[PDB]
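Written below as structure tokens is the structure these notes are about.
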Amino acid sequence: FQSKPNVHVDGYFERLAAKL
Amino acid sequence: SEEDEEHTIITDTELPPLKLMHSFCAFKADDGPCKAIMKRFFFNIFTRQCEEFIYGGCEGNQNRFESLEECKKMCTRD
């Protein structure tokens, strides 16, 4: 479940990083 | 910030509580393991809005919609 300021799964932003 | 669906669930702050249509509307947004860049929408229970995220194209979970409107329909009342 989402938690306060953590609405994405672990590593979402790091993986996103690499795609963009 | 606690929400319930049929049986109930708690997390860490305070604004009048949501009875969620489906439990998955409170799941974290999940890109999954594939490497594509697909713009999709999910319901954020803390801003109480449908929001954009990037889906990799495979797996993930049900909190994932092709449109703002499709997301409203599933995760918002009437």
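All values below come from the heavy atoms of this structure, side chains included, with hydrogens, waters and symmetry mates left out. Residue numbers start from 1 in every chain, and the chains themselves are labelled A, B, ... in the order their sequence lines are given, proteins ahead of strands.
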Quiz item: Is it true that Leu16(A) and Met38(B) fall in one hydrophobic cluster, defined by side-chain heavy atoms closer than 4.5 Å?
Solution: yes

Quiz prompt | Partner of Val7(A) by side chain to side chain contact (heavy atoms under 4.5 Å, CB included), out of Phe27(B), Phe43(B), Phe46(B) | solution = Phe46(B)

Practice problem: Check whether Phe1(A) and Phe24(B) end up in the same hydrophobic cluster, where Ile, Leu, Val, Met, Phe, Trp and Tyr are linked by side-chain heavy atoms less than 4.5 Å apart. | Solution: yes

Quiz item: Is there a path from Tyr55(B) to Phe41(B) through hydrophobic residues (I, L, V, M, F, W, Y) whose side chains come within less than 4.5 Å of each other?
Solution: no

Practice problem: Can you measure from CD1 (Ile10(B)) to OG (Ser3(A)) and round to the nearest 0.5 angstrom? | Solution: 14.0 Å

Exercise. Determine, stepwise, if the pair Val9(A) / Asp31(B) fulfils side-chain contact (heavy atoms from CB on, under 4.5 Å).
Key: CA-CA 8 Å; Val9(A) 294; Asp31(B) 56 324; 3.6 Å; yes

Quiz item: Where does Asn61(B) contact chain A at under 4.5 Å (heavy atoms): side chain, backbone, both or neither?
Solution: neither

Quiz prompt | Heavy-atom proximity to chain B below 4.5 Å, by part of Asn6(A) | solution = both

Quiz item: Non-hydrogen atoms of chain A under 4.5 Å away: do they reach the side chain of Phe53(B), the backbone, both or neither?
Solution: both

Quiz item: What part of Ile54(B) is in contact with chain A, defined as an atom under 4.5 angstrom from a non-hydrogen atom: side chain, backbone, both or neither?
Solution: both

Quiz item: Any side-chain heavy-atom pair from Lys4(A) and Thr11(B) closer than 4.5 angstrom?
Solution: no

Exercise. Mind checking the CD1-NZ spacing from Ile37(B) to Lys19(A)? Nearest 0.5 Å is all I need.
Key: 6.5 Å

Self-check item: Beyond-backbone contact of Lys28(B) with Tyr12(A), side-chain heavy atoms, under 4.5 angstrom
Solution: no

Practice problem: Working to the nearest 0.5 Å, report the span between CG of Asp12(B) and CD of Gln2(A). | Solution: 12.0 Å

